[PDB]
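Structure first, then comments.
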Amino acid sequence: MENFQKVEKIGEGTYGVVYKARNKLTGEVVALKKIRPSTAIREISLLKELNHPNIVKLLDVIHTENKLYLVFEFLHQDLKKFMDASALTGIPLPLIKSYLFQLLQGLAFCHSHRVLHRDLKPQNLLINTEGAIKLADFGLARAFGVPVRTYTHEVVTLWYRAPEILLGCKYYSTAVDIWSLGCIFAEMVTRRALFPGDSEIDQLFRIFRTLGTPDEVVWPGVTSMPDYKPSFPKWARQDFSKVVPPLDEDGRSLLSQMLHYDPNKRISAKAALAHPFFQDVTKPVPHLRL
Ligand SMILES: CCCC(=O)Nc1n[nH]c2cc(Cl)c(-c3ccccc3)cc12
């Protein structure tokens, strides 16, 4: 775009190239996303009004010479990079708590306007020096469905996918985002991915090896689902003290409610914020190197 001066290529998205740019009129540093129907245009235009402190601001939507440009607020780092830098020491519990609290606040706002992300991962989670965390790419999965591969042919991660999506459920609810956040929560505490599957079936069998193979008792309607097979191996449920040590009981209780099989019984973002785990939340600042 003409009104912007590119500074450098800052990454590869699901849909297109992400650049760090500067506006020639305002002088403001921005994140410029470039992609490549009329309904997809309407969907993204509505997101310019989904404003909250824990959601990455969609500053503008530009459709020119038959290509999509998305102007976002700039944040210096993502959670994936922070987790790798903090891998040998771990992220301190007060910081893990604050990030989850703030993420749950972002989700609660969006789910109240009937908007879901559908593809949460540490990569699309952005952090700053003031101790804040924000959700990036929110609502883009409704506009264009999640592909198998990115524009660069890179494999789209299955690690954070909810079990209802993997079983062939056509009508996804907001409970899908609560699952992904729960998986990210466990990863922050553990310093290792919860379910790092490398195929849809590997992902599904990894969930089952830990949480137990679901049945009509725990999940009413699971056996009637599109991709469910009665030939599925029957694994028993693992404890939880083995799943996320050395995390306390309040943390184990909250994670358990976020990882429930039945989407209807899985805790909402609003209810999670009322959990006694957040009794002593604070807002600490991390030691960011930029
Ligand atoms: C992680 C440090 C560089 C970076 O991505 N900065 C961002 N600033 N604002 C952004 C807004 C967005 Cl939307 C995405 C971004 C994140 C995931 C996938 C595609 C794009 C990234 C940034």
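Counting starts at 1 for both ligands and their atoms, in listed order. Residue numbers start at 1 and run along the sequence shown. When reading the values below, keep in mind they use all heavy atoms of this one structure, side chains included, and skip hydrogens, waters and symmetry mates.
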I'd like to know if [X] and [Y] make a salt bridge, using a cut-off of under 4.0 Å between side-chain N and carboxylate O.
X	Y	answer
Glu130	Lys283	no
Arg266	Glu164	yes
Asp227	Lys229	no

Cation-aromatic face contact [X]/[Y], 6.0 Å, 45 degrees:
X	Y	answer
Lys20	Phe74	yes
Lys97	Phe277	yes
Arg118	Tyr172	yes

- Note on the structure: Per the under 4.0 Å non-hydrogen criterion, ligand 1 touches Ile10, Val18, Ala31, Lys33, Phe72, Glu73, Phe74, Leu75, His76, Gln77, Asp78, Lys81, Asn124, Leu126, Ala136, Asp137
